[PDB]
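Presented below is the structure to which this report refers.
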Amino acid sequence: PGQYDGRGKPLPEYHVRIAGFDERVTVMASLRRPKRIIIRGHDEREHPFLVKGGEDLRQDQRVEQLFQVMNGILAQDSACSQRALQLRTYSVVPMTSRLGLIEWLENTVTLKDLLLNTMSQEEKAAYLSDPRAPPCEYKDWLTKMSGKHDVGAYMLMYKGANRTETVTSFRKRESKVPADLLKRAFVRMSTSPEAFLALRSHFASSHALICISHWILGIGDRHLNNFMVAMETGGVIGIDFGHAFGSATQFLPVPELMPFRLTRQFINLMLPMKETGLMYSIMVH
Amino acid sequence: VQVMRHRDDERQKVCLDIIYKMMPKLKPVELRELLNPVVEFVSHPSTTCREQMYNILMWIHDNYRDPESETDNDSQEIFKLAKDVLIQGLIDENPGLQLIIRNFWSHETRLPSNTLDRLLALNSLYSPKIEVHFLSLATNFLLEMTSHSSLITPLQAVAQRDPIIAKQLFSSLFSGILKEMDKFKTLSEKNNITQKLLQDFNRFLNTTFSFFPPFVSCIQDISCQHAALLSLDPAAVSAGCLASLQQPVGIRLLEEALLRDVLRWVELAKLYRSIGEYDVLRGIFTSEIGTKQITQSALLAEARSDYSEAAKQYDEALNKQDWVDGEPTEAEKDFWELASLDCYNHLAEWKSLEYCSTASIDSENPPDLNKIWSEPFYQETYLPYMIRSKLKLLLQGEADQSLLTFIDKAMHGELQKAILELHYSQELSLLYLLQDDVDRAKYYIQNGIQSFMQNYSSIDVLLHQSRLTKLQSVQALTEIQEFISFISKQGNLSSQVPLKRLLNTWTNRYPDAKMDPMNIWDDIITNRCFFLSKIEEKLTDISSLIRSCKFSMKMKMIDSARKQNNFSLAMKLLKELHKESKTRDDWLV
C-alpha cells in the first residue's frame, strides 16, 4: 500500500502486487539504525524502502497529508502558478504501532554530508575536529561565561552575559568558516556556468518555500540532517520530524525562537546580492 | 585597368603575370590605385588566378614592409590593405593553398617562436573578416612548435571540426600558458602583458560584427580565470549578450567583477531584464539604484499587482522641485523614467505611452526621425515601447497619420532596414495588411517564423522561463497566419459555414488563465477582435454574433485579470465595458 489515496475510483488491476524480495539489506549508520530493502514489482520495476521500528509513526502521515493540502492551495492561485512553487511530499506507510515504512529516494545526500565532503582535507578537518572548533570554541565559551561544566550552564548563560559581548564572541566563530562553501559545493560539480545559475535558482526557491511553510505550523529542531539535498535536479527536501505545532520552544529546557534556519551559508550563496530580492519575494508571495 | 575587370580567365591570368613582372619599378603613389582592382578577385574561381593574387602579396608584404621609414600614408597604407587580404586567405575552398599560406605564416621571423609572444602576435592577426575559425587556426599555430605522441595530431585534426571542442581547446591552452608563464616575466612585465591583453580583448569585442556564440563565450570565459582581466568592458559585454543569446556567461562575468560600480549594475539590470528572474531585478533597485524614499514605496507596490500607485509615484519622483536632502545621482534618473514606461505598459496605457517614450529626447512636438535612431540608447529602449504603443493604439481604429510615413522613410538604407526587418516584422506584417501589401506581409510573416526558429535554436537546454517567454507568441503568429490563409481562400464570403467554423475554433481554442499574463493575453485579444472587425470590413446577425464572441473573449480576459490579481486593468476594462454592458441583459447581469 501507499496507493488508495482517494481522489477517484480506485482499481487494483494495475497496482503493484508484490512478487519478490532482494538478496540484499543495507544499514544506515545512525542511532536508531534503520535498514533498507529493495522490493520488486509484478509490473516489472523496483521499489526501494526503508524500515524503522520502535517508533510510533502515526503523526508523520498526518503532516504529509497536511503538506498535500498545503501545496494543493499553492497551485490553486495564479502568481505562484507562474513560478511553479511546490512542496515535494512523499509517503510513509503506518504498518502497525512501532512499525512503518519510509519511502526512499535516489542518490540524495544529507545537507551536512554535502557541506562536509564539499570541503577539502583542511577545512573539513578544522570543522570536525579542531582545538578551536566552532563546537569546541562554543562549549569553551559556555564554560567561560557560566563557570560550570555541564547542562544548566546554558540556563545560567542569559544571567551572566550582555548583548554585545556575545555578539563579538559570535563573530569570533563566524570568522572560522569560509563564506561561499555552498557555492564551492555548486562549483565542485556543475561544470558549466550555463547550468550553474538554473541550479542556484532552484536551490533558493526550494529552501525559501520550505522555510515559509515550516512556520505556519511551527516546527523547531531543524538541525543539519533534516535537509536532503538532491543533486540530480538541485532540490532540498526535509525529513525527520520532531515537534508538530509550536511545541519545540515550550517544553524544551533551552528553548529556541528562530522560525527556521537562515544562517551564514544561505546568506553568502546569494552574494553579491543582499538577501532582499529573491528569498524575500518567494516568501512574501 | 578596365580589361582586368572583364569576364575571361586567361586574360585575368596574364594581366596578373605582367603586373607581377613590372612590380619592383612601379611607384607607390599609383600603387594605391593599382592594388584596389587586384583584391577584387577573392570571389572568383580558378586557383591559378587566386594563386597569382596571393603570389604578388607575398612580396608586397615582404619588401614594402616600411621598417619605420616614415615615407607616406599610401606606402604604409598598402601594408594594411595587403595584410587584410593575406589574412583573409586562410579560408579558401582549396587545401594545399592553405598549406602554402600557412607555410608562409609559420616560417621563421614571420611569427616569433619563443613560446608565448607567438600567442601575443596571434591576437594581432585576428581581422574580423574572419572570426569563425580563429580558435582552430590559433591552436594549430600554437601546437606547431611541438617538434607518447600518437594522440596530439588527431586531436588537432578533430579540433577543426566542431566549434565546441575548439572553444574548449583554446580556453584550455591560453589559460595554461598564462598560468605557467610565472617562471620569468616579472610583475611590471606581468602588468604590461595583461595591459596589452586587455587592450586586445577590448579590440576584439569592439571589432566583431556577426556575433559568433562560441567565440564570444570563449573570451568571456577566459577573462574570468586570471587576476587582471576582470574589468573588461561593462558597456559592450552586455551589448554583445543582448543579441548573441549568450546571457549566463556574461552574468557570471559581471558577478565576478562586482565581487572583490554603478554602470555595472545598470547593465546587469539590462542583462537580467531578458531572461526573466524578476526577483533579482527588483532586488537591485532597493540596493544601489535607490537611497530615496519613493523607490521603496514604489517597489513594494510593484512586487504585487498594484501597478497604478507605483506609476503615480514616479512622475512625482522625477518632476520634483526642491529635494535638498541628497540629489538623484547618475544611477536612477534613467531608471525612474524606464520603470515608469514599463509599469505603464503593464496595464492599458495606449494613450499616455507615446508621450513618455518619445517626449524626453527633443523639443515639444514629435520630430520623430534619425534623432530616435541615432544615439542607440534612444533606439534600443525608447523605440520598442514607441512602436508597440504606436500600433497598439492604431489597431482599434483611428487615422493618426505618423507611423505609415515613418516606416516609409525608414525602410531605405542599410541600418534603417537591417533592424526593422531583422527583429520585429509581425506588427509590420499587420500594418502591411492595413496597407494591403499582403504579399510583402506574407514575406514578413515568413521571416518572422524563420526568426523564431533563429532565436529558439541557440537558447540553451535548461534556461527555463526564457524558453517559455519565447514560446508563448506562436499562437498569435499562427493566428495572423490563419487570417491570411483564410482570406486568400475565395469560398468564404458567398457562404457562412467556414465563418461558423472559424468562430467555433476561435471560441474553442484559447489561452488559459493563471498561466499567461495579460500582455500576451492583450496581444491575442486585440489581434483577434481586430481581425473580427477586419472580416466585418471585408464582408461589406453576424454583427450580433461577432459581438457575442467578442464579449466572450473580453469576459474571459476579465476573469483572467481577476485571477492574476490585476484589479486595475479589469477595473478600467469594465468601465470601458460599462456602456458596452448596457446593450444586452445577460451581459449586464
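Each chain in the C-alpha cells gets a letter, A, B and so on, in the order shown; residues start at 1 in every chain, and ligands are counted from 1 in the order they appear.
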Per residue of chain A within 7 Å of chain B, record the nearest atom pair and its distance in Å to one decimal, counting only C-alpha atoms, with rows in chain order and ascending residue number, as JSON lines.
{"residue": "A:78", "atom": "CA", "partner": "B:514", "partner_atom": "CA", "distance": 4.4}
{"residue": "A:79", "atom": "CA", "partner": "B:564", "partner_atom": "CA", "distance": 6.3}
{"residue": "A:81", "atom": "CA", "partner": "B:514", "partner_atom": "CA", "distance": 6.7}
{"residue": "A:82", "atom": "CA", "partner": "B:515", "partner_atom": "CA", "distance": 5.8}
{"residue": "A:193", "atom": "CA", "partner": "B:249", "partner_atom": "CA", "distance": 6.2}
{"residue": "A:194", "atom": "CA", "partner": "B:248", "partner_atom": "CA", "distance": 5.7}
{"residue": "A:195", "atom": "CA", "partner": "B:462", "partner_atom": "CA", "distance": 6.9}
{"residue": "A:198", "atom": "CA", "partner": "B:463", "partner_atom": "CA", "distance": 6.4}
{"residue": "A:272", "atom": "CA", "partner": "B:259", "partner_atom": "CA", "distance": 6.5}
{"residue": "A:276", "atom": "CA", "partner": "B:283", "partner_atom": "CA", "distance": 5.9}
{"residue": "A:277", "atom": "CA", "partner": "B:283", "partner_atom": "CA", "distance": 3.7}
{"residue": "A:278", "atom": "CA", "partner": "B:279", "partner_atom": "CA", "distance": 4.9}
{"residue": "A:281", "atom": "CA", "partner": "B:279", "partner_atom": "CA", "distance": 6.2}
Would you pick out the contacts of residue 235 (chain A) at 8 Å or less, using only C-alpha atoms, so that residues sharing its chain but fewer than 5 positions from it are not included, and give the list as a PyMOL selection string? chain A and resi 202-203+206+229-230
Which region 438-544 of chain B residues have any atom within 12 Å of an atom of region 377-393 of chain B, and for each, what is the nearest pair of atoms with distance in Å to one decimal, counting only C-alpha atoms, rows sorted by chain and number, as a tab-separated table?
residue	atom	partner	partner_atom	distance
B:519	CA	B:392	CA	11.4
B:522	CA	B:392	CA	9.6
B:523	CA	B:392	CA	8.7
B:524	CA	B:392	CA	11.7
B:525	CA	B:392	CA	11.5
B:526	CA	B:392	CA	8.2
B:527	CA	B:392	CA	9.3
B:530	CA	B:392	CA	10.6
Sel. of helix (DSSP H, G or I) residues, region 80-278 of chain B, as an mmCIF file with C-alpha atoms, in the first residue's frame:
data_model
loop_
_atom_site.group_PDB
_atom_site.id
_atom_site.type_symbol
_atom_site.label_atom_id
_atom_site.label_comp_id
_atom_site.auth_asym_id
_atom_site.auth_seq_id
_atom_site.Cartn_x
_atom_site.Cartn_y
_atom_site.Cartn_z
ATOM 1 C CA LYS B 80 47.425 47.361 -44.169
ATOM 2 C CA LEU B 81 45.317 46.762 -47.269
ATOM 3 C CA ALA B 82 47.596 43.820 -48.167
ATOM 4 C CA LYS B 83 47.731 42.343 -44.662
ATOM 5 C CA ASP B 84 43.906 42.329 -44.753
ATOM 6 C CA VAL B 85 43.642 40.017 -47.752
ATOM 7 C CA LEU B 86 46.680 37.919 -46.820
ATOM 8 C CA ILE B 87 44.841 37.224 -43.575
ATOM 9 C CA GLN B 88 41.504 36.536 -45.304
ATOM 10 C CA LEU B 97 46.816 26.620 -50.989
ATOM 11 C CA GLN B 98 46.264 26.921 -47.253
ATOM 12 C CA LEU B 99 49.384 24.789 -46.868
ATOM 13 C CA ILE B 100 51.216 27.445 -48.912
ATOM 14 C CA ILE B 101 49.876 30.424 -46.964
ATOM 15 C CA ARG B 102 50.374 28.756 -43.599
ATOM 16 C CA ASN B 103 53.872 27.735 -44.638
ATOM 17 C CA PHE B 104 54.444 31.431 -45.185
ATOM 18 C CA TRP B 105 52.956 32.402 -41.823
ATOM 19 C CA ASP B 117 54.944 36.023 -27.817
ATOM 20 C CA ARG B 118 53.764 33.701 -30.566
ATOM 21 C CA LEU B 119 50.311 33.894 -28.981
ATOM 22 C CA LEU B 120 50.644 37.624 -28.366
ATOM 23 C CA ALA B 121 51.222 38.164 -32.070
ATOM 24 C CA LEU B 122 48.433 35.661 -32.740
ATOM 25 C CA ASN B 123 45.994 38.047 -31.107
ATOM 26 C CA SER B 124 47.060 40.712 -33.610
ATOM 27 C CA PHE B 134 40.411 31.701 -35.412
ATOM 28 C CA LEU B 135 40.464 29.364 -32.409
ATOM 29 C CA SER B 136 41.252 26.350 -34.597
ATOM 30 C CA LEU B 137 43.894 28.241 -36.578
ATOM 31 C CA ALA B 138 45.367 29.550 -33.333
ATOM 32 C CA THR B 139 45.712 26.171 -31.653
ATOM 33 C CA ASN B 140 47.249 24.844 -34.861
ATOM 34 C CA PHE B 141 49.834 27.647 -34.768
ATOM 35 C CA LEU B 142 50.380 27.005 -31.061
ATOM 36 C CA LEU B 143 50.994 23.266 -31.289
ATOM 37 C CA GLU B 144 53.049 23.648 -34.474
ATOM 38 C CA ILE B 152 48.115 15.030 -30.492
ATOM 39 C CA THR B 153 47.753 15.204 -34.271
ATOM 40 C CA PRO B 154 44.302 13.517 -34.321
ATOM 41 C CA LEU B 155 43.495 15.987 -31.560
ATOM 42 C CA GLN B 156 44.488 18.831 -33.841
ATOM 43 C CA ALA B 157 42.533 17.184 -36.652
ATOM 44 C CA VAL B 158 39.361 16.921 -34.566
ATOM 45 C CA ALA B 159 39.965 20.472 -33.322
ATOM 46 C CA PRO B 163 33.084 24.826 -32.505
ATOM 47 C CA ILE B 164 32.577 23.370 -29.018
ATOM 48 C CA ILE B 165 35.821 21.413 -28.741
ATOM 49 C CA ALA B 166 37.714 24.267 -30.402
ATOM 50 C CA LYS B 167 36.315 26.682 -27.822
ATOM 51 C CA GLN B 168 37.356 24.310 -25.056
ATOM 52 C CA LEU B 169 40.793 23.790 -26.569
ATOM 53 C CA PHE B 170 41.594 27.485 -26.850
ATOM 54 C CA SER B 171 40.246 28.183 -23.358
ATOM 55 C CA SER B 172 42.409 25.361 -22.044
ATOM 56 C CA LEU B 173 45.579 26.304 -23.911
ATOM 57 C CA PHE B 174 45.623 30.066 -23.300
ATOM 58 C CA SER B 175 44.834 29.695 -19.610
ATOM 59 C CA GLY B 176 47.512 27.023 -19.303
ATOM 60 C CA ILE B 177 50.198 29.264 -20.797
ATOM 61 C CA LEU B 178 49.092 32.282 -18.775
ATOM 62 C CA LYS B 179 49.092 30.213 -15.594
ATOM 63 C CA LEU B 187 55.234 41.839 -12.165
ATOM 64 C CA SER B 188 55.794 45.068 -14.110
ATOM 65 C CA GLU B 189 56.115 42.980 -17.253
ATOM 66 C CA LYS B 190 53.172 40.925 -15.969
ATOM 67 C CA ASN B 191 51.075 44.065 -15.604
ATOM 68 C CA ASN B 192 52.229 45.250 -19.037
ATOM 69 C CA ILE B 193 51.392 41.903 -20.654
ATOM 70 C CA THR B 194 47.936 41.944 -19.097
ATOM 71 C CA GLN B 195 47.575 45.573 -20.212
ATOM 72 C CA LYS B 196 48.214 44.578 -23.821
ATOM 73 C CA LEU B 197 45.977 41.529 -23.382
ATOM 74 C CA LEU B 198 43.046 43.545 -22.043
ATOM 75 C CA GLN B 199 43.607 46.042 -24.855
ATOM 76 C CA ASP B 200 43.474 43.243 -27.429
ATOM 77 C CA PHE B 201 40.310 41.823 -25.893
ATOM 78 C CA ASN B 202 38.571 45.196 -25.906
ATOM 79 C CA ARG B 203 39.689 45.415 -29.531
ATOM 80 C CA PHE B 204 38.082 42.006 -30.188
ATOM 81 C CA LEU B 205 34.702 42.904 -28.706
ATOM 82 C CA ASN B 206 34.642 46.251 -30.443
ATOM 83 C CA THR B 207 35.642 44.858 -33.829
ATOM 84 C CA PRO B 213 28.438 32.359 -29.827
ATOM 85 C CA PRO B 214 31.372 30.006 -29.025
ATOM 86 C CA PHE B 215 33.875 32.798 -29.656
ATOM 87 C CA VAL B 216 32.003 35.353 -27.536
ATOM 88 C CA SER B 217 31.662 32.766 -24.803
ATOM 89 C CA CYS B 218 35.322 31.773 -25.157
ATOM 90 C CA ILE B 219 36.677 35.250 -24.477
ATOM 91 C CA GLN B 220 34.181 35.954 -21.688
ATOM 92 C CA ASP B 221 35.164 32.647 -20.109
ATOM 93 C CA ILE B 222 38.922 33.116 -20.301
ATOM 94 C CA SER B 223 38.564 36.612 -18.865
ATOM 95 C CA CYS B 224 37.426 35.129 -15.543
ATOM 96 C CA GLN B 225 40.454 32.977 -14.693
ATOM 97 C CA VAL B 237 29.894 42.844 -22.893
ATOM 98 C CA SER B 238 26.230 43.453 -22.127
ATOM 99 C CA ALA B 239 25.507 44.695 -25.656
ATOM 100 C CA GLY B 240 27.101 41.539 -27.036
ATOM 101 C CA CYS B 241 24.944 39.317 -24.863
ATOM 102 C CA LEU B 242 21.764 41.245 -25.693
ATOM 103 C CA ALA B 243 21.717 39.812 -29.223
ATOM 104 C CA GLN B 247 23.473 35.891 -21.261
ATOM 105 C CA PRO B 248 24.528 33.479 -18.494
ATOM 106 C CA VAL B 249 28.227 33.662 -19.182
ATOM 107 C CA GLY B 250 28.228 37.459 -19.041
ATOM 108 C CA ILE B 251 26.140 37.382 -15.874
ATOM 109 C CA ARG B 252 28.795 35.239 -14.199
ATOM 110 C CA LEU B 253 31.491 37.579 -15.509
ATOM 111 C CA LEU B 254 29.691 40.600 -14.035
ATOM 112 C CA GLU B 255 29.230 38.862 -10.686
ATOM 113 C CA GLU B 256 32.924 38.066 -10.522
ATOM 114 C CA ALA B 257 33.556 41.701 -11.456
ATOM 115 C CA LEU B 258 31.283 43.093 -8.728
ATOM 116 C CA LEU B 263 27.112 51.215 -14.734
ATOM 117 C CA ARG B 264 27.961 47.604 -13.851
ATOM 118 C CA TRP B 265 24.650 47.313 -12.024
ATOM 119 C CA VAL B 266 22.752 49.200 -14.732
ATOM 120 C CA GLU B 267 23.970 46.795 -17.404
ATOM 121 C CA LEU B 268 23.298 43.905 -15.008
ATOM 122 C CA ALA B 269 19.703 45.118 -14.813
ATOM 123 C CA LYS B 270 19.542 45.250 -18.600
ATOM 124 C CA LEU B 271 21.085 41.763 -18.702
ATOM 125 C CA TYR B 272 18.650 40.143 -16.261
ATOM 126 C CA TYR B 278 12.466 39.409 -11.878
#
Could you give me, as a PyMOL selection string, the residues within 10 Å of region 430-441 of chain B, counting only C-alpha atoms and dropping anything in the same chain fewer than 2 positions from it? chain B and resi 391+394-395+403-404+425-428+443-447+480+484+488+527+534
List every residue of region 32-90 of chain A that has an atom at most 8 Å from any atom of region 99-122 of chain A, giving for each one its closest atom pair and the distance in Å to one decimal, counting only C-alpha atoms, sorted by chain and then by ascending residue number, as CSV.
residue,atom,partner,partner_atom,distance
A:48,CA,A:104,CA,6.1
A:49,CA,A:103,CA,5.2
A:50,CA,A:102,CA,4.9
A:51,CA,A:101,CA,5.1
A:52,CA,A:100,CA,6.4
A:53,CA,A:99,CA,4.8
A:54,CA,A:99,CA,6.3
A:55,CA,A:99,CA,6.6
A:56,CA,A:99,CA,7.1
A:57,CA,A:100,CA,6.4
A:90,CA,A:103,CA,6.7
Fewer than 4 positions away in the same chain doesn't count, so skip those; otherwise give me all residues within 9 Å of residue 78 (chain B), counting only C-alpha atoms, as an NGL selection string. :B and (28 or 31-32 or 35 or 60-61 or 64 or 73-74 or 82-83)
Given the selection you just returned, output its residues as a file containing C-alpha atoms, formatted as a PDB file, in the first residue's frame.
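This went into result_32.pdb:
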ATOM      1  CA  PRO B  28      53.980  53.744 -54.681  1.00  0.00           C
ATOM      2  CA  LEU B  31      50.254  51.548 -56.366  1.00  0.00           C
ATOM      3  CA  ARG B  32      47.304  52.597 -54.187  1.00  0.00           C
ATOM      4  CA  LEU B  35      46.145  47.391 -55.800  1.00  0.00           C
ATOM      5  CA  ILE B  60      54.259  43.344 -51.371  1.00  0.00           C
ATOM      6  CA  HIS B  61      54.268  42.459 -47.672  1.00  0.00           C
ATOM      7  CA  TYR B  64      57.214  47.182 -48.748  1.00  0.00           C
ATOM      8  CA  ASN B  73      50.472  57.358 -45.956  1.00  0.00           C
ATOM      9  CA  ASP B  74      49.983  55.333 -49.146  1.00  0.00           C
ATOM     10  CA  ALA B  82      47.596  43.820 -48.167  1.00  0.00           C
ATOM     11  CA  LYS B  83      47.731  42.343 -44.662  1.00  0.00           C
TER      12      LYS B  83
END
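Look at residue 2 (chain A): the protein and nucleic acid residues within 8 Å of it, using only C-alpha atoms and passing over chain neighbours fewer than 4 places away, are residues 91, 92 and 93 of chain A.
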Surrounding residues of residue 38 (chain A) excluding itself and chain neighbours under 2 positions, 9 Å, only C-alpha atoms, as a list in words: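 Here the answer would be residues 21, 22, 23, 24, 25, 36, 40, 46, 47, 48, 49 and 50 of chain A.
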Given the selection you just returned, output its residues as a file containing C-alpha atoms, formatted as a compact mmCIF listing (two decimals), in the first residue's frame.
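In the end it all went to selection-v6.txt:
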# COMPACT_ATOMS: atom_id res chain seq x y z
CA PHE A 21 12.44 -9.51 -2.34
CA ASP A 22 16.06 -8.63 -2.82
CA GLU A 23 19.11 -10.61 -1.80
CA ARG A 24 20.50 -7.54 -0.01
CA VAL A 25 19.87 -5.41 3.05
CA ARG A 36 16.82 -0.80 3.81
CA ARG A 40 10.25 -5.98 -6.56
CA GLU A 46 11.69 -1.97 -8.44
CA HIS A 47 10.71 -0.05 -5.33
CA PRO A 48 13.19 0.61 -2.51
CA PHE A 49 12.06 1.15 1.04
CA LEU A 50 13.46 1.91 4.48
What lies within 7 Å of residue 248 (chain A) using only C-alpha atoms, ignoring chain neighbours under 2 positions off, as JSON, numbers by chain? {"A": [219, 220, 221, 243, 246, 250, 251, 252]}
How would the residues just chosen look if you wrote them out with N, CA and C atoms as a tab-separated table (two decimals), in the first residue's frame?
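And here's selection17.tsv as it stands now:
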chain	number	residue	atom	x	y	z
A	219	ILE	N	7.65	24.46	13.46
A	219	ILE	CA	8.42	23.27	13.76
A	219	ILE	C	9.84	23.70	14.07
A	220	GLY	N	10.27	23.47	15.30
A	220	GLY	CA	11.65	23.71	15.67
A	220	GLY	C	12.52	22.53	15.29
A	221	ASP	N	13.68	22.45	15.96
A	221	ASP	CA	14.60	21.32	15.90
A	221	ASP	C	15.11	21.06	14.48
A	243	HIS	N	8.57	17.87	16.32
A	243	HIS	CA	7.54	18.54	17.10
A	243	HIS	C	6.57	19.26	16.17
A	246	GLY	N	3.59	24.68	17.62
A	246	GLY	CA	4.54	25.40	18.43
A	246	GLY	C	4.65	24.69	19.76
A	250	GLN	N	8.28	25.48	23.98
A	250	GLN	CA	7.70	25.42	25.31
A	250	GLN	C	8.41	24.37	26.16
A	251	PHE	N	8.28	23.11	25.76
A	251	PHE	CA	8.61	22.02	26.66
A	251	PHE	C	10.10	21.72	26.68
A	252	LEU	N	10.84	22.23	25.72
A	252	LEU	CA	12.28	22.05	25.73
A	252	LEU	C	12.90	22.91	26.83
When you draw a straight line from CA of residue 310 (chain B) to CA of residue 291 (chain B), how long is it in Å?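 Separation of CA of residue 310 (chain B) and CA of residue 291 (chain B): 16.4 Å.
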